[PDB]
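Next up: a single chain in structure tokens, the form deposited in one PDB entry.
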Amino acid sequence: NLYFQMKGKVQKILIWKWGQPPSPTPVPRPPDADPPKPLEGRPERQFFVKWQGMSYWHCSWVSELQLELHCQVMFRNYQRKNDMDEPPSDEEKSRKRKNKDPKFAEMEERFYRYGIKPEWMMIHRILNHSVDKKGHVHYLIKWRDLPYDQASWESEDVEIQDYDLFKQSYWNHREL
């Protein structure tokens, strides 16, 4: 991925940071070469977004240009309310102690430090399911500390804490 993926429609910008420009260095060398480096570009703004209809697991980054081309009205509002030269920053000393767990560390670097509460990515319960013509199943999930109306679908094949434990609960208590 030499560039940012558009996953759907952007719902919200959670945060932004300055970042290095796309670079070609990442293009694999052929197996028949032996013993090239580009000059560093102007940093640009990168944006962490939530997508419409999708849980916090899917939050990813987009470029200023993608926001300009695809959410100009909502991006125009964002720019006018926010400082666009300096980016944004009980809750404190326990982000520290909880972090010595490596799955937490990883989630913290990837998600929580950009404004996602840990609970928002935890299954509260499964509400329903759907099947493709393929037979792949999706589950409509209520997340912890988020309303029912913010329930969202996830593929069965995803890796969320105790996903499978909840699936079995859903399925056991469904013909009772």
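Between two forms, the rigid core is defined as the largest C-alpha subset superposing within 1.5 Å. Each residue number is its position in the shown sequence, starting from 1.
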(request) Between residue 89 and residue 90, count the deposited residues left without coordinates and pick a bin: none, 1 to 3, 4 to 9, 10 or more. (result) 4 to 9
(request) Check the residues of the deposited sequence separating residue 30 from residue 31 and report how many of them have no coordinates, as none, 1 to 3, 4 to 9, or 10 or more. (result) none
(request) Compare the mean C-alpha B-factor of 41-49 with that of 54-62 as given in the PDB entry, and name the stretch with the higher value. (result) 41-49
(request) Tell me which of 95-103 and 69-77 has the higher mean C-alpha B-factor in the deposited entry. (result) 95-103
(message) Checking the record values for 117, 144, 138, 133, which has the greatest CA B factor?
(response) 133
(message) Quiz for you: based on the deposited Cα B-factor, which of 155, 11, 152, 23 is highest?
(response) 23
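Here the subject shifts to the form deposited in another entry, a form of this protein not shown in this document.
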(message) Once the core is aligned, does residue 20 move its Cα by at least 2 Å between this form and the one not shown?
(response) no
(request) With both forms fitted on the core, give yes or no for whether the Cα of residue 110 moves by 2 angstroms or more between this form and the one not shown. (result) no
(message) If I superpose the two forms on their rigid core, does the C-alpha of residue 53 end up displaced by 2 Å or more between this form and the one not shown?
(response) no
